Number of protein chains: 4
Amino acid sequence: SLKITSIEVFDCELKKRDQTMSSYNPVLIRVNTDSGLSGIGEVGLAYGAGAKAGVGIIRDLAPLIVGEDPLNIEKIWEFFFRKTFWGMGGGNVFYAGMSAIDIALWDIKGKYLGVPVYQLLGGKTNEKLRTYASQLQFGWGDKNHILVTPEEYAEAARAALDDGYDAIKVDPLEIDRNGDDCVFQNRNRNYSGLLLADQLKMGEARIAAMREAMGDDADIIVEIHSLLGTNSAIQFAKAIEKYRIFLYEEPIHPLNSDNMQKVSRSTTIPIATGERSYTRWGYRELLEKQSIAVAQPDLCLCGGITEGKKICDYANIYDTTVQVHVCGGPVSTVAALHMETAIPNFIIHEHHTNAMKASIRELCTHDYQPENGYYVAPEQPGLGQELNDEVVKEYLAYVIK
Amino acid sequence: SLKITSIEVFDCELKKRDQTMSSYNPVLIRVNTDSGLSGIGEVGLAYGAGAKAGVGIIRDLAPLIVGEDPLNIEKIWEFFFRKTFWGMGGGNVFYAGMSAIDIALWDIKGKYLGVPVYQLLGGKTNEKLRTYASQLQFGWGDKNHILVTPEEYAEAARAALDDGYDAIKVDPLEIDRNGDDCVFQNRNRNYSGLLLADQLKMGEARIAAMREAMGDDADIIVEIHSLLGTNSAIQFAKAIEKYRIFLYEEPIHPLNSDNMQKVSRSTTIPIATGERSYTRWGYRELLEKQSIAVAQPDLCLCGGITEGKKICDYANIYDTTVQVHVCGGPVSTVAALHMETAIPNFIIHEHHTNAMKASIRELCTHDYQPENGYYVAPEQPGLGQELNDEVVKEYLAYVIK
Amino acid sequence: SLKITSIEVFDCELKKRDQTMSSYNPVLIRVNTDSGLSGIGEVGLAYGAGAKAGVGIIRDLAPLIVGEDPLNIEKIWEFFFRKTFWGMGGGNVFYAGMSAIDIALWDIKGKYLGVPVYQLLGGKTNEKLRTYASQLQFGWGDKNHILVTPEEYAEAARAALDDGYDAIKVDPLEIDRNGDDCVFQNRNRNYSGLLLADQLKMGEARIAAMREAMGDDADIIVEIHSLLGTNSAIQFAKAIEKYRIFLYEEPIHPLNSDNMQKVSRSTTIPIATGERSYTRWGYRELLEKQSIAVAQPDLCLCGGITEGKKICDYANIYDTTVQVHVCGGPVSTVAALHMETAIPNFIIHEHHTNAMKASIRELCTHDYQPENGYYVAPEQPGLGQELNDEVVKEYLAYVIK
Amino acid sequence: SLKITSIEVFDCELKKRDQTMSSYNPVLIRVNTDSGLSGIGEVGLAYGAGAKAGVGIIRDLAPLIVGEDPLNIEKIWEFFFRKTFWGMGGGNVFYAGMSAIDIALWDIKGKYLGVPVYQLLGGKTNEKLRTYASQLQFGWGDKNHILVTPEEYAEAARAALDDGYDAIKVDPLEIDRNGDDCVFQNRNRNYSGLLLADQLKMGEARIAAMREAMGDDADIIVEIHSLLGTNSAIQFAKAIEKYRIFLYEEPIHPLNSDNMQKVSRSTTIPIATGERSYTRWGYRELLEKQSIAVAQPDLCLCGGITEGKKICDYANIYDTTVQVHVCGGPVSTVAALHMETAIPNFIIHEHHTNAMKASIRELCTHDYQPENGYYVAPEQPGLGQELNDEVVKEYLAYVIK
Ligand SMILES: [Mg+2]
Ligand SMILES: [Mg+2]
Ligand SMILES: [Mg+2]
Ligand SMILES: [Mg+2]
């Protein structure tokens, strides 16, 4: 049999190699065994305020499974859920720690059994995966900058379509009229109540310009990053329904599920959420209340592959399809690709604007990128990724033995 | 006006000074200002899997408020909620980081204004605070060890009453037949479904013996630590109803609020929970579904004094009274005392079996202990504690400047 | 320590100095202590039928706290709630009496601690406060008269915008086709059922003329003063949705919360209410039923600053923002300014058309007015207002000793 | 036709004529007409904090109907509801002012038409009215003082039965161990959460002793005066169910109707409330949620005879029967008797322990007292009372002409 021998934690402070990417700190792990099979995982706190907590949570959780059999993945998941105290009252950090370990264990099991992770998740259901260009308020391809003017948003939409995408996502309210970023800066605090005329006009004009540039057929997902409250989310939705919006993502935060239901009932645009929703239990009220068209769990936050699969299976009975949230290192991308290949209720894959950055790509050994708007799964045993040790040795923070 | 100059984070690995306390690791902070006024706070992850994540979250949050005016407490809270990404989909670790900072800010403001924190929370509403002896499964007073036999539990109860308490709390199922601890060990996995006869008998016998030793008048709170599921929680409740139980704490975890409601409707014992429920949003479904008689936020987890007050005020409209959850360092205790002194809907104060332990006491410079089953408020400016520098220098982990 | 020594009640029958303002009777109080620190408050019954009851309620409540420590503000509030009989079945008059006393106690506590009241409410969250010109059916600035013709309403909108406002409020149905006032006269009794064509046309034409005059960007709040019933409120709302209405205030009275929900579900205009809703308990059904976008408690009716803060905190979890209702003397204005400065869910401040009247301004020592559409908080200890004794000595009605 | 010429308001400070009755201050009015017909009414704020507000509200409302035709009772009621501002967000004081006027108008109309008021309410439905001896915690008959010991309560019960009653009401928790009164004093603040063992025992012992002294057949109503909260109300109910309790009155206050429902569902004792519930709107949630077996509007608070009748008629469709709340002057009694004589859903009449007191009796010119546990209706035109001018001249406070 196998025993876990050590877990390495990498604090990937990208600013050390790429000062461009200073808002960014992937947290990667490697779980090693006495057989010599290792697996890699990722804690999904690469952006916002969380990376150092993410490193910490691996230090908290890793000691509990040193010496244990990695193949009992359900048992290990349940132990973390039940026997840690915080497993039964956890959130983004705790479940991110479980997720990272869980991903690595799936990687190990695939290598042990000689097959890609999608085989272990039910086989090749989807041979290729429709993909969108994500977060175009930061540009696409050539012109990468913070976009303010409607013409700039139109240009980014054209760039993405020229790159062979037939779907894009944009947050048209994140960037204020001065070019400040409302996700991370105290700007437009009124967003949580009702929009001002200028703000409604700013957001609608960006979407209008993008729809004009793209034509009618390509799809537009409107990302809101939980910036709006129930009333402004509905207000803005009604202003943009005329542009044929595919999905309306995180119109408000997920903490009040009844408010999510009210948003969904009050616009014709289908609602997506999930990146800030963790475990089956974090989807129960969203699904039961018929509030969402699309679930977007992050496999590096929601409980990993074991739990992600369960969220997908559950979503299916409410006609809710799945786009895994992906915004971190290469490990998140491969976990998503295996999940999406296997699940019958896949809808679309998210290709983040920064997924081609050198400092992200160099963390791992393989590069999986879309071609002409489509992704395919890795075919090697396990996830099909390893860490690039030449780079990650500089990011090694802790070894749990 | 004032400016935050640095935040110190203390990783209190108590095992370094007391090998008996290796299950515990308080996480303390100190927020310093350019006036020389400092405030102290606590991240409520002293037990279970979480301490190192708690250290990390302070590394993540502290840099965002270095240089800012500490007096703008509501603004700082809201910024953490809104502009960090994870504040709108947090959990135990994120909200614990917010809590510690918030508590340190109230300490600063009390010191600045020259009054105890209870004055800033509305004044001296409750002159003294009824207190219970908490967690008697580990003994009380003279005989402190893991208790197994009904007679041992009866002895603990007598010891508590002799110490001047007229209320105790006990988890009569945590310890199995062999003395193993179900909270942190993989024992009695069947607890989440239905109890076996031996287990029902084991728990009831402990309660029965305790009630016999105490007499009818002293109160028994039954703690379940979310060890049971809906069905076993009800099964066990109905077996112990005959002993006149004051509160039933965490019969199940709080992740499914409808199941909490079902428990509440299926026993005559009033339900308490809340140590694993964070922010006002954490209490909305519990209160609206009329599921709980007593809310138990931990001020070092639930969002601090600012948010804890709001939880208390909200609970009041549903006739839900409050016992702050306290299991950590001396900072958690004083935050609790100030809150409980101010709120009209205080019910009882939790005095944990280890809150008198040297290795916990020695973190801070003052003593606050109950007398004749009652607590009173600190009366000095601010929280009424400082760090004991001679001790905590050995625990200093990071300074954010 | 401090003890309350006396409470003065001022029956401000403005007609004694200003026959123009004969519909108006502010009720002010002053609470004095043995330290020489005094605080002022206001009973929010300056208009409609209530002022003499308001004077009476201070006579009823004041004796109960002579000799008591004013710093225990929560204790005093709770005593009035619990131990007066009518505190637990009260309404506008009883809660107005509690509010006035509560405001004065906050004033005292701010002076005692040397800081403005907003500091005690959580600090400076909002540095400036967007303000609307309120009740333009009575004119703005130059032409103050009862407005009937659509051109007159357009003129008042222009006057307000010229005064530097970017938002206005108007009740376009209060004034009937003969210039009578439906709020206080038995006219258009059919309003509670369904509107007649002429009435629908009258109201819509006024709003249309105002939107035309203002342009598209400035905001229009439509005040209904509970004149309409569920069916006519919806009927009228649907007629005016085309003009981009910001808020629809008091479309019906608050006594049937399910009817409020039905109104909210049946129009795209966000609903505001609250001036006739008192205490947390008066908002529970409004919020739970997701009926309101904006809460408008009057701090001189709803339970004061202590309770107002609690209403704001509660509203926030439903994405409900707050505009304090202000239509009385200068004390109401300052209480609102301190509240709005501190709360994270402020949306807009109400500047009533009569807030510049000489006979109102002369009641107090300071004048706080908006500049270019914005208010700021007072900065002196306490509320930042005192009574102007030269004037108010003529209004002194009772001293409770 | 007739015209109202003046309204006299009497501030009945009974302490001026009887120092034993200093807790009580009836507020009476007389409405005079140009025909010489007068009517009398009562503002139901004779106890608790409210009398002077009640005098004031008559000053506020009276001027609005001087000169009007008193026969248009529905019109006058509706005008107060609709055209005063506060009538659509009132409460105890506002609706009490409406009530007093309304009762005086029915007195006038009965006199004008030459028939007792019950005839105008539908006729003599109930020839006699079962009556209970109310509030035995203050003694009955020979021994009138604050009662403490179970034997004292048993003695009160025997005294009532000897007086010909076959039903009593008692609040067994209002008086503490030391004889202090929890209704108006800050004692037993914990009552709003959960009862302590001593308090549960104290209340149960009083009920037990009473049931023993009475025998099984006579009825016991348990009054709680809204002293308990949801959880303690249920706790105490379940302790006294064994004594066969007829009604449980005001187990909690009426501000949260969902909690009232929860109480109703959690005990086998039928719930009564309504003295602190006003207008039909005050009863809607109570009746629809099937929370109450018996409604207890006070006609001097709930909106008078006009509105009281409507409450009775509405309660009927939910099988809710009516006991009018009566604790005030002789006017409240006769209004009750006429209402109860007419309504098909009468259940029992409340005879308060002080309704026979000289200082209350002497306010009016006639005697109406129960006999052998039964009341009958007055038979003279109108209400069947006049003011005793020789007494009330000393209480005259205002005349509105
Ligand atoms: Mg997103
Ligand atoms: Mg616990
Ligand atoms: Mg209004
Ligand atoms: Mg009663």
# chains A, B, ... in the order shown; residues from 1 in each chain; ligands from 1
call {"tool": "interface_residues", "arguments": {"of": "chain C", "to": "chain B", "cutoff": "9 Å", "atoms": "only C-alpha atoms", "output": "VMD selection string"}}
result
chain C and resid 71 to 76 78 113 to 115 119 to 126 280 to 281 284 288 306 310 313 to 314 317 342 to 344
call {"tool": "write_last_selection", "arguments": {"atoms": "N, CA, C and O atoms", "output": "CSV table (one decimal), in the first residue's frame"}}
result
chain,number,residue,atom,x,y,z
C,71,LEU,N,-25.4,57.7,31.2
C,71,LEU,CA,-24.4,57.0,30.3
C,71,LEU,C,-24.9,55.6,30.0
C,71,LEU,O,-24.4,55.0,29.0
C,72,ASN,N,-25.8,55.0,30.8
C,72,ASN,CA,-26.3,53.7,30.5
C,72,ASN,C,-27.5,53.8,29.5
C,72,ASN,O,-28.7,53.6,29.9
C,73,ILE,N,-27.2,54.1,28.3
C,73,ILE,CA,-28.2,54.5,27.3
C,73,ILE,C,-29.0,53.2,26.8
C,73,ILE,O,-30.2,53.3,26.7
C,74,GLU,N,-28.3,52.1,26.6
C,74,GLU,CA,-29.0,50.8,26.3
C,74,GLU,C,-29.9,50.4,27.4
C,74,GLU,O,-31.0,50.0,27.2
C,75,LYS,N,-29.5,50.5,28.7
C,75,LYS,CA,-30.3,50.2,29.9
C,75,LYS,C,-31.6,51.1,29.9
C,75,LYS,O,-32.7,50.6,30.2
C,76,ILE,N,-31.4,52.3,29.6
C,76,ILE,CA,-32.5,53.3,29.7
C,76,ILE,C,-33.5,53.0,28.6
C,76,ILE,O,-34.7,52.9,28.8
C,78,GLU,N,-33.9,50.1,27.1
C,78,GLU,CA,-34.6,48.8,27.4
C,78,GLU,C,-35.6,48.9,28.5
C,78,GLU,O,-36.7,48.3,28.4
C,113,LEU,N,-17.3,62.5,26.5
C,113,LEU,CA,-16.2,61.9,25.9
C,113,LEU,C,-15.4,62.8,25.0
C,113,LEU,O,-14.3,62.4,24.5
C,114,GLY,N,-15.9,64.0,24.8
C,114,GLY,CA,-15.2,65.0,24.0
C,114,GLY,C,-15.2,64.8,22.4
C,114,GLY,O,-14.3,65.3,21.7
C,115,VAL,N,-16.2,64.1,21.9
C,115,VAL,CA,-16.2,63.8,20.5
C,115,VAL,C,-17.6,63.9,19.8
C,115,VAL,O,-18.6,63.8,20.5
C,119,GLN,N,-18.5,59.7,16.0
C,119,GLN,CA,-17.4,58.9,16.5
C,119,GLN,C,-17.9,57.7,17.3
C,119,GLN,O,-17.3,56.7,17.3
C,120,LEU,N,-18.9,58.0,18.1
C,120,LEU,CA,-19.5,57.0,19.0
C,120,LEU,C,-20.3,56.0,18.2
C,120,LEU,O,-20.7,54.9,18.8
C,121,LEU,N,-20.6,56.3,16.9
C,121,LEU,CA,-21.5,55.4,16.1
C,121,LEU,C,-20.6,54.6,15.1
C,121,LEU,O,-21.1,53.9,14.3
C,122,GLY,N,-19.3,54.8,15.2
C,122,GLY,CA,-18.4,54.0,14.4
C,122,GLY,C,-17.3,54.7,13.6
C,122,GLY,O,-16.5,54.1,12.9
C,123,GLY,N,-17.4,56.1,13.7
C,123,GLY,CA,-16.3,56.9,13.0
C,123,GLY,C,-16.8,57.5,11.7
C,123,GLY,O,-18.0,57.5,11.4
C,124,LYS,N,-15.9,58.2,11.0
C,124,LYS,CA,-16.2,58.9,9.8
C,124,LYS,C,-16.1,57.9,8.6
C,124,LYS,O,-15.1,57.7,8.0
C,125,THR,N,-17.3,57.3,8.3
C,125,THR,CA,-17.4,56.3,7.2
C,125,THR,C,-17.6,57.1,5.9
C,125,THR,O,-17.0,56.8,4.9
C,126,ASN,N,-18.5,58.1,5.9
C,126,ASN,CA,-18.9,59.0,4.8
C,126,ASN,C,-18.5,60.4,5.1
C,126,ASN,O,-19.0,61.1,6.0
C,280,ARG,N,-36.6,48.2,15.4
C,280,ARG,CA,-36.3,47.0,14.7
C,280,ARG,C,-37.5,46.2,14.3
C,280,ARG,O,-37.6,45.7,13.1
C,281,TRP,N,-38.4,46.1,15.2
C,281,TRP,CA,-39.6,45.2,15.0
C,281,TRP,C,-40.5,45.8,13.9
C,281,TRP,O,-41.2,45.0,13.2
C,284,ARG,N,-38.8,44.4,10.5
C,284,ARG,CA,-38.6,42.9,10.3
C,284,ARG,C,-39.4,42.4,9.1
C,284,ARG,O,-38.8,41.8,8.3
C,288,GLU,N,-37.6,41.2,5.6
C,288,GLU,CA,-37.7,39.8,5.4
C,288,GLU,C,-38.5,39.4,4.1
C,288,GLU,O,-38.2,38.4,3.4
C,306,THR,N,-29.8,55.1,19.3
C,306,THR,CA,-29.5,53.7,19.7
C,306,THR,C,-30.3,52.8,18.8
C,306,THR,O,-29.6,51.8,18.2
C,310,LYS,N,-29.4,50.4,15.0
C,310,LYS,CA,-29.8,49.0,14.9
C,310,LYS,C,-30.6,48.8,13.6
C,310,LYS,O,-30.4,47.7,12.9
C,313,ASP,N,-28.2,48.8,10.7
C,313,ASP,CA,-27.4,47.6,10.7
C,313,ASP,C,-28.2,46.4,10.1
C,313,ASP,O,-27.7,45.6,9.3
C,314,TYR,N,-29.4,46.3,10.5
C,314,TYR,CA,-30.3,45.3,10.1
C,314,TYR,C,-30.7,45.4,8.6
C,314,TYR,O,-30.5,44.4,7.8
C,317,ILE,N,-28.2,43.9,5.8
C,317,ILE,CA,-28.1,42.5,5.3
C,317,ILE,C,-29.1,42.1,4.2
C,317,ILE,O,-28.9,41.0,3.6
C,342,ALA,N,-21.8,57.8,9.8
C,342,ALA,CA,-21.2,56.6,10.4
C,342,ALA,C,-21.5,55.3,9.7
C,342,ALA,O,-20.7,54.4,9.6
C,343,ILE,N,-22.8,55.2,9.2
C,343,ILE,CA,-23.3,54.0,8.7
C,343,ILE,C,-22.7,53.7,7.3
C,343,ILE,O,-22.7,54.5,6.4
C,344,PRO,N,-22.3,52.4,7.0
C,344,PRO,CA,-21.8,52.1,5.7
C,344,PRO,C,-22.9,52.0,4.6
C,344,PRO,O,-22.5,52.0,3.4
call {"tool": "residues_around", "arguments": {"residues": "residue 134 (chain B)", "least_positions_apart": "3", "cutoff": "7 Å", "atoms": "only C-alpha atoms", "output": "PDB file with N, CA and C atoms, in the first residue's frame"}}
result
ATOM      1  N   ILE B 168     -23.694  24.385  34.687  1.00  0.00           N
ATOM      2  CA  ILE B 168     -22.534  23.745  34.054  1.00  0.00           C
ATOM      3  C   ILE B 168     -22.861  23.419  32.604  1.00  0.00           C
ATOM      4  N   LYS B 169     -21.827  23.190  31.804  1.00  0.00           N
ATOM      5  CA  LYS B 169     -22.021  22.606  30.473  1.00  0.00           C
ATOM      6  C   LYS B 169     -21.142  21.370  30.304  1.00  0.00           C
ATOM      7  N   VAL B 170     -21.674  20.369  29.615  1.00  0.00           N
ATOM      8  CA  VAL B 170     -20.976  19.094  29.438  1.00  0.00           C
ATOM      9  C   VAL B 170     -21.330  18.525  28.071  1.00  0.00           C
ATOM     10  N   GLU B 350     -19.797  31.995  29.447  1.00  0.00           N
ATOM     11  CA  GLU B 350     -19.108  30.705  29.394  1.00  0.00           C
ATOM     12  C   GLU B 350     -17.719  30.801  30.017  1.00  0.00           C
ATOM     13  N   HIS B 351     -17.439  29.998  31.045  1.00  0.00           N
ATOM     14  CA  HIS B 351     -16.119  30.008  31.703  1.00  0.00           C
ATOM     15  C   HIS B 351     -15.509  28.626  31.456  1.00  0.00           C
ATOM     16  N   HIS B 352     -14.544  28.580  30.536  1.00  0.00           N
ATOM     17  CA  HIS B 352     -13.980  27.326  30.086  1.00  0.00           C
ATOM     18  C   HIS B 352     -12.995  26.796  31.104  1.00  0.00           C
ATOM     19  N   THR B 353     -12.962  25.471  31.181  1.00  0.00           N
ATOM     20  CA  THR B 353     -12.186  24.731  32.160  1.00  0.00           C
ATOM     21  C   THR B 353     -10.676  25.011  32.129  1.00  0.00           C
TER      22      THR B 353
END
call {"tool": "residues_near_ligand", "arguments": {"ligand": "ligand 1", "cutoff": "7 Å", "atoms": "only C-alpha atoms and all ligand atoms", "output": "PyMOL selection string"}}
result
chain A and resi 223+225+249-250+275
call {"tool": "residues_near_ligand", "arguments": {"ligand": "ligand 2", "cutoff": "12 Å", "atoms": "only C-alpha atoms and all ligand atoms", "output": "PyMOL selection string"}}
result
(chain A and resi 85-86+89) or (chain B and resi 47+134-135+169-171+174+183+221-227+247-253+271-277+295-298+323-327+350-352)
call {"tool": "residues_around", "arguments": {"residues": "residue 165 (chain D)", "least_positions_apart": "5", "cutoff": "9 Å", "atoms": "only C-alpha atoms", "output": "ChimeraX atom specification"}}
result
/D:130-133,160,218,371-374
call {"tool": "closest_residue", "arguments": {"among": "B:63, B:179, B:330, B:97", "to": "residue 383 (chain B)", "atoms": "only C-alpha atoms"}}
result
B:330
call {"tool": "residues_around", "arguments": {"residues": "residue 211 (chain A)", "least_positions_apart": "5", "cutoff": "12 Å", "atoms": "only C-alpha atoms", "output": "PyMOL selection string"}}
result
chain A and resi 150-151+153-158+161+167-170+204-206+216-222+240-246
call {"tool": "write_last_selection", "arguments": {"atoms": "N, CA and C atoms", "output": "JSON list (two decimals), in the first residue's frame"}}
result
[["chain", "number", "residue", "atom", "x", "y", "z"],
["A", 150, "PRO", "N", -15.50, 53.34, -23.83],
["A", 150, "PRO", "CA", -16.25, 52.34, -24.60],
["A", 150, "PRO", "C", -15.51, 51.83, -25.83],
["A", 151, "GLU", "N", -14.76, 52.70, -26.53],
["A", 151, "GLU", "CA", -14.01, 52.22, -27.70],
["A", 151, "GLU", "C", -12.95, 51.20, -27.33],
["A", 153, "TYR", "N", -13.13, 49.05, -24.87],
["A", 153, "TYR", "CA", -13.84, 47.79, -24.60],
["A", 153, "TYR", "C", -14.22, 47.09, -25.91],
["A", 154, "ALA", "N", -14.70, 47.86, -26.89],
["A", 154, "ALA", "CA", -14.96, 47.33, -28.22],
["A", 154, "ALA", "C", -13.70, 46.69, -28.85],
["A", 155, "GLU", "N", -12.56, 47.37, -28.74],
["A", 155, "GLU", "CA", -11.29, 46.84, -29.22],
["A", 155, "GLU", "C", -10.89, 45.51, -28.59],
["A", 156, "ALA", "N", -11.06, 45.40, -27.27],
["A", 156, "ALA", "CA", -10.74, 44.16, -26.58],
["A", 156, "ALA", "C", -11.65, 43.02, -27.06],
["A", 157, "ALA", "N", -12.95, 43.31, -27.22],
["A", 157, "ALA", "CA", -13.88, 42.33, -27.79],
["A", 157, "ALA", "C", -13.45, 41.86, -29.18],
["A", 158, "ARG", "N", -13.06, 42.80, -30.05],
["A", 158, "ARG", "CA", -12.53, 42.43, -31.36],
["A", 158, "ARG", "C", -11.28, 41.57, -31.29],
["A", 161, "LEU", "N", -12.23, 37.96, -30.34],
["A", 161, "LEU", "CA", -12.86, 37.27, -31.47],
["A", 161, "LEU", "C", -11.82, 36.91, -32.55],
["A", 167, "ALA", "N", -17.13, 33.78, -27.41],
["A", 167, "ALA", "CA", -17.75, 34.21, -26.16],
["A", 167, "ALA", "C", -16.71, 34.99, -25.38],
["A", 168, "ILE", "N", -17.16, 36.05, -24.71],
["A", 168, "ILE", "CA", -16.30, 36.85, -23.84],
["A", 168, "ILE", "C", -16.99, 37.13, -22.51],
["A", 169, "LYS", "N", -16.21, 37.48, -21.49],
["A", 169, "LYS", "CA", -16.75, 37.99, -20.23],
["A", 169, "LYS", "C", -16.09, 39.31, -19.88],
["A", 170, "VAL", "N", -16.90, 40.24, -19.37],
["A", 170, "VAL", "CA", -16.41, 41.56, -19.00],
["A", 170, "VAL", "C", -17.18, 42.00, -17.77],
["A", 204, "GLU", "N", -23.48, 50.56, -19.29],
["A", 204, "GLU", "CA", -24.25, 50.20, -20.47],
["A", 204, "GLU", "C", -23.51, 50.56, -21.77],
["A", 205, "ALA", "N", -22.85, 51.72, -21.78],
["A", 205, "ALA", "CA", -22.10, 52.14, -22.98],
["A", 205, "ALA", "C", -20.97, 51.19, -23.34],
["A", 206, "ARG", "N", -20.27, 50.66, -22.34],
["A", 206, "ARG", "CA", -19.24, 49.65, -22.58],
["A", 206, "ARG", "C", -19.84, 48.39, -23.17],
["A", 216, "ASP", "N", -24.06, 40.00, -33.34],
["A", 216, "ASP", "CA", -25.15, 39.53, -32.48],
["A", 216, "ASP", "C", -24.90, 38.12, -31.97],
["A", 217, "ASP", "N", -24.07, 37.34, -32.67],
["A", 217, "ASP", "CA", -24.01, 35.91, -32.42],
["A", 217, "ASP", "C", -23.05, 35.48, -31.30],
["A", 218, "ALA", "N", -21.87, 36.09, -31.25],
["A", 218, "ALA", "CA", -20.92, 35.78, -30.18],
["A", 218, "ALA", "C", -21.56, 36.12, -28.84],
["A", 219, "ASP", "N", -21.14, 35.44, -27.78],
["A", 219, "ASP", "CA", -21.79, 35.61, -26.49],
["A", 219, "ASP", "C", -21.07, 36.58, -25.56],
["A", 220, "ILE", "N", -21.86, 37.31, -24.77],
["A", 220, "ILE", "CA", -21.35, 38.24, -23.76],
["A", 220, "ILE", "C", -21.82, 37.78, -22.41],
["A", 221, "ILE", "N", -20.87, 37.44, -21.53],
["A", 221, "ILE", "CA", -21.12, 37.24, -20.10],
["A", 221, "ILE", "C", -20.76, 38.51, -19.34],
["A", 222, "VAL", "N", -21.67, 38.97, -18.48],
["A", 222, "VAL", "CA", -21.42, 40.17, -17.72],
["A", 222, "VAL", "C", -21.11, 39.77, -16.30],
["A", 240, "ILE", "N", -29.27, 46.40, -19.49],
["A", 240, "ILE", "CA", -28.47, 45.66, -20.45],
["A", 240, "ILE", "C", -29.15, 44.45, -21.11],
["A", 241, "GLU", "N", -30.37, 44.13, -20.68],
["A", 241, "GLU", "CA", -31.09, 42.99, -21.26],
["A", 241, "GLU", "C", -31.17, 43.13, -22.78],
["A", 242, "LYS", "N", -31.27, 44.36, -23.27],
["A", 242, "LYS", "CA", -31.41, 44.59, -24.73],
["A", 242, "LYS", "C", -30.22, 44.09, -25.56],
["A", 243, "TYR", "N", -29.07, 43.86, -24.92],
["A", 243, "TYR", "CA", -27.87, 43.44, -25.65],
["A", 243, "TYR", "C", -27.70, 41.91, -25.75],
["A", 244, "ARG", "N", -28.71, 41.16, -25.32],
["A", 244, "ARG", "CA", -28.70, 39.70, -25.34],
["A", 244, "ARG", "C", -27.54, 39.10, -24.56],
["A", 245, "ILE", "N", -27.66, 39.20, -23.25],
["A", 245, "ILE", "CA", -26.59, 38.80, -22.35],
["A", 245, "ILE", "C", -26.71, 37.30, -22.04],
["A", 246, "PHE", "N", -25.60, 36.59, -22.12],
["A", 246, "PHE", "CA", -25.61, 35.13, -21.97],
["A", 246, "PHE", "C", -25.79, 34.71, -20.49]]
call {"tool": "select_by_dssp", "arguments": {"residues": "region 218-395 of chain A", "states": "strand (DSSP E or B)", "output": "list in words"}}
result
residues 219, 220, 221, 222, 223, 247, 248, 249, 271, 272, 273, 294, 295, 321, 322, 346, 349, 350, 351, 352, 364, 371, 374, 375, 382 and 387 of chain A
call {"tool": "write_last_selection", "arguments": {"atoms": "C-alpha atoms", "output": "compact mmCIF listing (two decimals), in the first residue's frame"}}
result
# COMPACT_ATOMS: atom_id res chain seq x y z
CA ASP A 219 -21.79 35.61 -26.49
CA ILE A 220 -21.35 38.24 -23.76
CA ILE A 221 -21.12 37.24 -20.10
CA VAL A 222 -21.42 40.17 -17.72
CA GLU A 223 -19.33 39.79 -14.59
CA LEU A 247 -24.99 35.03 -18.15
CA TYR A 248 -24.94 37.59 -15.33
CA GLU A 249 -22.16 36.52 -12.96
CA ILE A 271 -27.58 34.13 -13.25
CA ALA A 272 -24.20 32.50 -12.67
CA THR A 273 -22.41 32.27 -9.33
CA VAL A 294 -24.84 28.15 -14.03
CA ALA A 295 -22.67 27.09 -11.06
CA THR A 321 -24.82 23.65 -15.82
CA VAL A 322 -21.25 24.22 -14.80
CA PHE A 346 -20.56 21.32 -18.62
CA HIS A 349 -14.66 27.02 -19.84
CA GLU A 350 -13.15 30.25 -18.44
CA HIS A 351 -9.86 31.40 -19.99
CA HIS A 352 -8.53 34.23 -17.89
CA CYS A 364 4.50 24.08 -14.09
CA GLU A 371 -7.07 26.57 -29.77
CA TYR A 374 -11.79 25.17 -27.56
CA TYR A 375 -9.89 23.32 -24.85
CA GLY A 382 -2.99 11.97 -13.22
CA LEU A 387 5.79 21.70 -10.83
